[PDB]
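Reading the structure
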Amino acid sequence: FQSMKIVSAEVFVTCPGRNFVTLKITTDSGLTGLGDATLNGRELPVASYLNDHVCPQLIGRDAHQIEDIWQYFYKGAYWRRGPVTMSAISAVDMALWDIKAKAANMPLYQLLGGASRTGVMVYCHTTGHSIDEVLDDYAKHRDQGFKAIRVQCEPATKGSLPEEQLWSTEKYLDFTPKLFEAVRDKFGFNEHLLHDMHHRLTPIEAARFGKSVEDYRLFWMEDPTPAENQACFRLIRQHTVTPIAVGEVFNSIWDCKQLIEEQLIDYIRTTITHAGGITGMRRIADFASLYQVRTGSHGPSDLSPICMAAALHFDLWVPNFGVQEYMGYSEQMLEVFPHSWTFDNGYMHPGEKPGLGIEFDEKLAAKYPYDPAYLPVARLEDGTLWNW
Amino acid sequence: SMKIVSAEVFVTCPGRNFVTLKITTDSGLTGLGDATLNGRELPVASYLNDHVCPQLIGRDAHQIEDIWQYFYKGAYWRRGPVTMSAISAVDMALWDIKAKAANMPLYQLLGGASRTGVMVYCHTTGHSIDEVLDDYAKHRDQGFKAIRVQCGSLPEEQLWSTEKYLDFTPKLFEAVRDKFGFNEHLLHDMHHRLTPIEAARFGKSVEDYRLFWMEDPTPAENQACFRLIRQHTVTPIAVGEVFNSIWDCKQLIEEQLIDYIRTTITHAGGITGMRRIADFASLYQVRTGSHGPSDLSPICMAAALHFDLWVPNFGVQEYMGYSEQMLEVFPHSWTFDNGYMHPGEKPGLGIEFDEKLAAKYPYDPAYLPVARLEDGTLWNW
Amino acid sequence: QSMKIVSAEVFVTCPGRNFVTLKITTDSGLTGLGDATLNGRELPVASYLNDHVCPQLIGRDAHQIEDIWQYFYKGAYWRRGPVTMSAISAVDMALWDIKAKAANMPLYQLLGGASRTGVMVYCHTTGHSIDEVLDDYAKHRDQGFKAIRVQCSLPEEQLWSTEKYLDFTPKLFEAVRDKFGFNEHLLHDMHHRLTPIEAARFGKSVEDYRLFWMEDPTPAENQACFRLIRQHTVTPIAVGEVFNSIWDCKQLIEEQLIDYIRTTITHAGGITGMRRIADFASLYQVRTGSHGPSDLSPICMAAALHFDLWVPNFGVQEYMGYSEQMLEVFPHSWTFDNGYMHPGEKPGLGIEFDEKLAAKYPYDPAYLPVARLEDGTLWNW
Amino acid sequence: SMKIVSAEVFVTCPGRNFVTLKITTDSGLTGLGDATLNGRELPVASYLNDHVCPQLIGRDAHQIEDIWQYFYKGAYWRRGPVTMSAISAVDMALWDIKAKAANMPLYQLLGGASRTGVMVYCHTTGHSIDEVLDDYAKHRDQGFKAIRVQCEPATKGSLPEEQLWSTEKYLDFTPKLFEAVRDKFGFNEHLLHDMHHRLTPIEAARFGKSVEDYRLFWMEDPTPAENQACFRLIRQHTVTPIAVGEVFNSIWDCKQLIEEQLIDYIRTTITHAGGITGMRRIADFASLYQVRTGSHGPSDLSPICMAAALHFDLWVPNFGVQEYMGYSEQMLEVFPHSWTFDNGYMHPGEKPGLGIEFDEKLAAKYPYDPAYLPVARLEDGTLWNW
Amino acid sequence: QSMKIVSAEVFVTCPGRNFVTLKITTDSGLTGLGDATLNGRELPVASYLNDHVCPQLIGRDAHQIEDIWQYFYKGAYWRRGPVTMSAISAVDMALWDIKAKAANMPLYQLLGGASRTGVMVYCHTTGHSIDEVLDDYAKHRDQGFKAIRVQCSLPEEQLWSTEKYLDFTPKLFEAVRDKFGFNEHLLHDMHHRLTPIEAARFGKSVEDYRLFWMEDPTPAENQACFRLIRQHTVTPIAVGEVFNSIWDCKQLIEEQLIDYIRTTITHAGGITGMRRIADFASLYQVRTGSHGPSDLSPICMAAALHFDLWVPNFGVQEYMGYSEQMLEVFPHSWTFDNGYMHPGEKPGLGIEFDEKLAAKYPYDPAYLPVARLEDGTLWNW
Ligand SMILES: [Cl-]
Ligand SMILES: [Cl-]
Ligand SMILES: [Cl-]
Ligand SMILES: [Mg+2]
Ligand SMILES: [Mg+2]
Ligand SMILES: [Mg+2]
Ligand SMILES: [Mg+2]
Ligand SMILES: [Mg+2]
């Protein structure tokens, strides 16, 4: 309210179905803020970054100074950005905005400039090992009122060893376009059809693929090629009108500045938890808007419901909103995070609970100890370690 | 939630012309915004009164973003000085309301303080070197850490000569540094008078005196015109007081042709727009240098100080200042001490408007001067 | 030899919709008219003229068109924008009216004389179904139109959906070309609704039907946004009704991203500004296709037809048409024969303004619609 | 095919914190790797201990490249300081092992010696011109051919020290310093200077112009480089050479700086920028543009990194210089070394592998002790770059 | 610890065609071989080694591979080129042979170890008609080949016609994909015959058949000549068999104009040079596809397979094959199983050179063909 100094900043590691890492900031006034810090397959280094280094440095600080605190840790780290660093910084930022919206006694989205929309369009996944199988999952999710659907013919598998998947580009190219003809043939052009390419193709391959699918008018093709070299998207963009989305693996505006300003992409999928929190995400979204690039935040189960809360708040205000991904959470996971958001015929809403409108049931959570789970790696026929 | 019950515009001339917007919610909350456009005040009065204000009535005062977008895109004819002065008034006033509603000084809503105080600069007047040196001492004595050094119904017409300016103006700075050393930041306004290669020369000619910035070197409708300056001098460059949009300066920033962006709350889209401008500028290590003359109302000054306190890439804040007469009309809460200002801690912007004191000053026309060269050529003032 | 301006007055009338007219009178009794209409923001321009520009016009030599344009363009300090430029254009238009009268010539003669024998215009087509559009198309063809554009209180809010537009609209053109063949020019307005890669797709999807142009594909404040469209389709692009300046379109043109520039006399700086725009466009083989809706007054249409008859790189002229009522307030002298118009041979613009009929209809507030997406996102209308 | 049986992480603080990785093959071959990330050590210990090390067990230690790729790409979340510090530890450790297997000092495996020694530079300091001049004198006497002039930064404690910064004062004073140094000692030694990320580009442009007469070997870290285009303004206004990259973890951090020829020295390191595998690719790329290596070498990189760097330095064609801030003897006891120093030049030695040891028993006498780099703030409290 | 070179000898033999081999021997008796073969210009390389490089190798520490490479690369003063680089590559190859032996490892181990389990190779197809090609294709498939390349005294002169090639060749691929489906990788060599817009057309004309690559579309001395191809087709491009340096392909790669770089150990600077080429290529997602004809000696193929097994960005390896006769002179240790090869686990390159069998076949002059167009214009073969 007046000057809320931080009395404690605590890290919680729990596995209610999968691993989540959580930060809790408490002020002297007793206000609490929650932040997700989950980094899938590499959760603990982030727990450490916070527990051992950042949290002790939060104590005594005026929680009102979100920006100074962000700068302090972003630059003060000396070694800048990266996934572990930014997961930490984001967790803090998220928690501080929670607190601030509470101090203000409003739902966060009000603080960002209010609602730009009445609801947040979300999209879901279809899983099947044949055309017929997918066609059904689609039918199913349609009926549940989803207006956007991701077609593909828990990723982080328990077991301290990453599972190794064989991959062939040639086959994927020849078949996948068939997958979409089918979905359009059967269901018409009524829902938004999304597709994730999982970083598997070289640029000229991703170019051919995009062309190969223009007839089916995808809402987007995602993560066409590894994007560490942002110029690699140029070849795709000059050869196809299939929209491009990328960015779930990005942790900073520096990862995507060139992709945006060269207009190489249509949707930016950076997330509150990995790309610098509310503070970072606002800057990314606003930058994107200059180039008519829209938001399409990554939303799998490996970002905690805390992140989902913050994302929905962000999504209701942000002018250049595109879509919000909504893989699900098991009931088991949701129980650990009492929420207050709503889902209604394809659209979500963060609700009107002050702050993020989210909770963390520590006692429940403290009953699921951390349990090692890792994302798969991909190799080619010949063993070449590839992009998963 | 709060519906807008009334949106009223006030024109007053407490020593100079000011146009003010007052928004009132069904809950009692009021928000103030500046709409002052020097020399073209009344077209903004009309833009609000006759057009925007009526369409504000009944709306949720919480939907700042939707409202900005509604009037920015909804106008169909986009941006411009009159349009953006109107949109910014509204925006400034809704953030006053939002932060009152949240019971916080605005800067708290922007992300909190990044600094303890806001460095400001003032103007030193003179008709000779010795006069300027005097006003300079006078201002350093008042605690200023930054000092800017310069030697009716019808606009005054002023005669301009570039060649004389080029030949003389550098001796002025030499004088100032000779007497006062290099302790204060030395700023200078070029008032759009030079072509790019002239500005290049000027910049080079003042490199020894390490200026904080040279401002408004050449008109910037063609943003590429700053390329020649930038490739020839390491004298820092500031620009933007006349801009009303990110679109006015995106190329200047992204090509790194400027060091300070001088856009303001009242003319460049309010808190909402200025945030986006400043954040974009930061990617390129461009800092804020907001324009702050007497022809932007204390209401703008209130918001600017709130903004300046949070904004990470803050550079400096201009403070021309106000007469006591002007201020009386705008009861204010900001503080000043030893060359630094602070917005204060009052909820909202921390500013008020004396509607009946204002009522005593009807609008009195005044116009910026135009410049002409020797041969009469209409030039840049 | 010297035509001092004795008066410059602003009239606002609503003979079926709103119009703002400027009247300049010299000491010799010569009068010139200028349109100042800005749809849905009419009164701020009224003010810009009435309160600020007009009194500064008094005493001036109406012969100095260029000096006046520059005086108000730069003298304003806050440069360009829709309200500013509507005012400056009103003046410029009326000053050329006066100059052509003083020369005892129709204005096109002052511009360099006729480059064509008549000005090809185009019209719109009403229809809520492929079937109803095909009817209006047939009708307009019978009226001799050689070029046809196909489309299927408080601001009305309209629900927009890009995906539907993408899927349906190509069928409308297949229809029209199936029934009517490739005899007329098929124009189409996209109304700023698509993102750039969306517009790229659209343009590609309509290549078979060989459109005269697709217009306003995407908001163009970021002029580079047109690059993605232009590299993906050979469907010609037209833009610019919402522009007030060469600065709004210089990149679009110099990067050869557009085929037609649609800026108008009333909004883009008058005859003086339009000339510079057209000439610049021509270097890059961009042709004119000026915006001509009902919300630009018959004074503009007269100004436009003179401009159109002369300008070498002429492409086409829009003609939404006027109601018998509106036309009344503006006695006119142009002609229309078999798809082609002509300004006539009367001195000046060849246009009148019936002030007493005008004073019969008072200003009546009317505002353009806004667009929203399904989720309520404020969009481009 | 010598499989990995253990991959152990140690955290010791013999004067300051180090993190060390030890890999052991089934044949008993061991490899050491540095993983120290100053002020953020423990997330790297965890990245290894908790995630990477268990996934190394049973793999063939010969497959340096598959392993590099496996963790680089396999992480899904690519690069960054913690990630690359972990990956680098394992890489230089695998190269240690490979050179041992080859029964050769590592430089031989990289392509052999390109020079007879490795020119290093030391730090000079003082709070007055006169004092710096003194320290300079000393270092020339010790035989340093290159000297860094300015006028243990990570301070033990809970909270980062906060330092007041003024750019204006720095611009006006600092050239006088170099003048004095040149006036007194002539132009016989290479004169270096670190700018510590403090300046904006146009400011750095001016500074660089302002010191041209003193012909600096380089001016380092002029302005934050997250936006690499920020170096264009500097490079077009001054002929003072530019070094940067101690804070980089990847080729992606510097590829634009190098290919637009905005820098003369790349300062990436074995521990932070991807190990031997990563640094080779970085050095080779830079050579195309006539950019040379200027490896960062403070005390906060372990003597294991120094051993690897000297091996790398002896081979790499485009070698520029090697920083050698130095190690207290307490530090060195824990890492029994075999490199040599002789008149401003160093040499990795001829011991197989890296030629470096880690005395686990001694390391165990010194437990992790929190210490953090300072932050900078301006007069008004603005959080700046330190 | 120190391996002085005691001897470095050059052998020229024609066991079915010409080969030039270099043998380096150390004071410890370790020997390393290197290929120096340059097809049709074999003897100038023999000389470069024999007369100039080899005596300068004597007395030197064979451990200093990098210093030696640099000494001859820059020391030559006249830098790179086919003859120069064949010589430098011969040396480099043989020096790494020696180093891996001294390390008692197969060389791939020195490079960073295996990145794959085997090296995918591809083969050619003989046929004077669509029908005969389809047969050889079937054959090679049965041999387990996973990737197949389809083609239909004094230098022999060959008549070339681009227009015919353009019209026919797409049918060859339709055939192959009609009969055999999309199971194998279809490669194709264009042999430098087309201009860039011709190659653009060709690539487009074959998109349906999804080639693994089209190779050598146009002479590439002007690397920008590849831009027109790359903007017009998504058919992957391979190039580089004729390159001797990174300088020959740096632009092709950095502008992302190619998908495979085909430089070889023997011609492009040895292991040392190829490593730098591959690593550079990888930044841009360019993969290796090294040229492997009979005119590169089994020493090269052994060098290549080691390189291929390690290099992360491996794409494919050509294997024209060797005659039982040639293979004789070069006892080898690599394997080939089911479309994939492997260098083996022998220390060094794993290759021998039967000197006494070699001295049985003397040099026999053989020269590549030249191409001429109809009118006799000397063209690219
Ligand atoms: Cl990281
Ligand atoms: Cl305006
Ligand atoms: Cl040669
Ligand atoms: Mg994905
Ligand atoms: Mg100024
Ligand atoms: Mg239109
Ligand atoms: Mg440094
Ligand atoms: Mg070939």
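Some remarks on the interface of chain D and chain A
- With 56 residues of chain D at the contact, the number on the chain A side is 57 residues.
- Summing both sides of the interface, chain D and chain A together bury roughly 4900 Å²; the carbon and sulfur share of this comes to 56%.
- For chain D, the biggest contributors to the area lost against chain A are D:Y76, D:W77 and D:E226; these three give 19% of the whole.
- Applying the counting rule to chain D against chain A returns 8 salt bridges.
- Linking A:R81 and D:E226 is a salt bridge whose minimum nitrogen-to-oxygen distance equals 3.1 Å.
- The interface formed by chain D and chain A includes 27 residue pairs in polar contact.
- Looking at the side of chain D that touches chain A, the elements that each hand over two or more residues are helix 1 (41-56), helix 2 (64-74), helix 3 (81-102) and strand 17 (375-378) of chain D.
- Among the residues making up the side of chain D that touches chain A, the classes are represented as 24 nonpolar, 16 polar and 16 charged.

Observations concerning the domain arrangement of chain A
Residue and element names in this part refer to chain A.
- One can read the domain layout of chain A as domain 1 (1-107 + 353-388) and domain 2 (108-352).
- Computed over C-alpha atoms, the centres of domain 1 and domain 2 are 23 Å apart.
- Listed per partner, the contact involves 58 residues of domain 1 and 59 residues of domain 2.
- Roughly 5000 Å² of surface becomes buried between domain 1 and domain 2 when both sides are summed, with 60% attributable to carbon and sulfur atoms.
- Ranking the residues of domain 1 by area buried against domain 2 places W97, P107 and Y374 at the top, with a combined share of 13%.
- For the pair domain 1 and domain 2, the number of links is 4 salt bridges.
- Notably, a salt bridge pairs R18 with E154, separated by 3.0 Å at the nearest N-O pair.
- Here domain 1 is connected to domain 2 by 35 residue pairs in polar contact.
- Put simply, the parts of the chain that give the side of domain 1 that touches domain 2 at least two residues each are strand 2 (20-27), strand 3 (32-36), helix 2 (66-76), helix 3 (83-103), helix 13 (362-365), strand 16 (373-374) and strand 17 (377-380).
- At 9 residues, helix 3 tops the list of elements feeding residues into the side of domain 1 that touches domain 2.
- Looking at side-chain class alone, the side of domain 1 that touches domain 2 contains 34 nonpolar, 12 polar and 12 charged residues.

Side note on the UniProt feature "binding site: substrate" in chain D
- The feature "binding site: substrate", as given by UniProt, occupies D:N38, D:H123, D:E246, D:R267, D:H296, D:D300 and D:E323 in the numbering adopted here.
- By the element assignment, D:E246 lies in the loop between strand 10 (242-244) and helix 9 (255-259).
- Apart from residues no more than four positions distant in its own chain, D:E246 is found in contact with A:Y78, A:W79, D:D194, D:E220, D:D221, D:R267, D:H272 and D:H296.
- Here A:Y78 takes part through its side chain, which lies 2.5 Å from a polar atom of the side chain of D:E246.
- Relative to the assigned elements, D:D300 resides in the loop between strand 12 (292-293) and helix 11 (303-315).
- Here D:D300 falls in the buried class, since its relative accessible area comes to 8%.

Digging into the coordination of the magnesium ion (ligand 8)
Residues and elements named next belong to chain E.
- Each protein donor to the magnesium ion (ligand 8) is listed here as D189 (OD), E215 (OE) and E241 (OE); together their distances run 2.0 to 2.1 Å.
- The motif formed by the donor residues of the magnesium ion (ligand 8), counted along the single chain, is D-x25-E-x25-E. Within this pair, whereas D189 is found in strand 7 (residues 185-189), its partner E241 is found in the loop between strand 9 (237-239) and helix 9 (250-254), the two being separated by 52 residues in sequence.
- A relative accessible area of 17% means that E241 is categorised as buried.

A short note on the pattern of salt bridges
- With the rule as written, the count across this model stands at 102 salt bridges over all chains.
- A salt bridge links D:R281 to E:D279; the shortest N-O distance between them is 3.1 Å. On the criterion of chain membership, the pair formed by D:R281 in helix 10 (residues 275-287) and E:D279 in helix 10 (residues 270-283) is interchain, its members lying in two chains. Neither residue differs from the other here; D:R281 and E:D279 are each classed as buried.
- Residues participating in the shared-partner salt-bridge network are A:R61, A:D68, D:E162 and D:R377.

Describing the environment of C:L257
- Relative to the assigned elements, C:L257 resides in the loop between helix 9 (250-254) and strand 10 (260-261).
- Setting aside residues up to four positions removed in sequence, C:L257 forms contacts with C:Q223, C:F226, C:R227, C:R230, C:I237, C:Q251 and C:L252.

Here is what the cut-offs are and how they apply
Residues numbered from 1 in each chain as written, not as in the entry; some residues may be left out. Chains lettered and ligands numbered in written order. Part of a larger assembly, values for the part shown. Heavy atoms only, no water. Contact = heavy atoms within 4.5 Å. Buried area = accessible area lost by both parts, 1.4 Å probe. Salt bridge = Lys/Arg side-chain N within 4 Å of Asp/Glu carboxyl O. Polar contact = N/O pair within 3.5 Å; in protein donor to acceptor, adjacent residues only side chain to side chain. Helix = DSSP H or I, 4+ residues; strand = E, 2+ residues; numbered from the N terminus. Nonpolar A, V, L, I, M, F, W, Y, C, P; charged D, E, K, R; others polar. Domains from an automatic or database assignment. UniProt positions renumbered as here; feature names shortened; annotations may be inferred. Buried < 20%, exposed > 50% of the residue type's maximum accessible area, 1.4 Å probe, protein only. Donors = N, O, S within 2.8 Å, 3.2 Å for Na, K, Ca; no water.

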